[PDB]
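**Q** The structure under discussion is supplied below as structure tokens; questions concerning it will follow.
We did not get these values from a lab; they are worked out from the coordinates using the rules stated. Counting neighbours? That spans all protein chains shown, and the Cβs are built from the backbone with ideal geometry, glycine included.
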Amino acid sequence: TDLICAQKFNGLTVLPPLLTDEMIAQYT
Amino acid sequence: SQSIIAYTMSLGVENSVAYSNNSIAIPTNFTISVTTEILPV
């Protein structure tokens, strides 16, 4: 295992990763 | 006539290696490569 948007509501920015799930799966 | 462009990150050149039961590939030539590694001490 939204909580990601809930953290952004209090002023905490969550940066998205550079390699997405499709890009990581392609490397694998 | 140049500007900043946005694009999806390329995952590299796509090369599908052939596969067969009786097929094999052996190198006919080689090379001596010298690289550089920087490790702080």
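**Q** Rounded if a/c is under 1.5, else prolate if a/b beats b/c, else oblate: with a ≥ b ≥ c from the C-alpha gyration tensor eigenvalues square-rooted, which is the protein assembly as shown? Spell out each step's value before the answer.
**A** Details: a/c = 2.22, a/b = 1.84, b/c = 1.21.
Verdict is prolate for the protein assembly as shown.
**Q** If you don't mind, another one. For labels at residue A:24 and residue A:4 in the simple 7 Å Cα→Cβ model, what's the distance in nm?
**A** 1.1 nm
**Q** So, one more: If one computes the Cα centroid of chain B and of chain A, what distance in Å separates the two points?
**A** 29 Å
**Q** In nm, to one decimal, how far is the residue B:3 label point from the residue B:36 one, both placed 7 Å along Cα→Cβ?
**A** 3.7 nm
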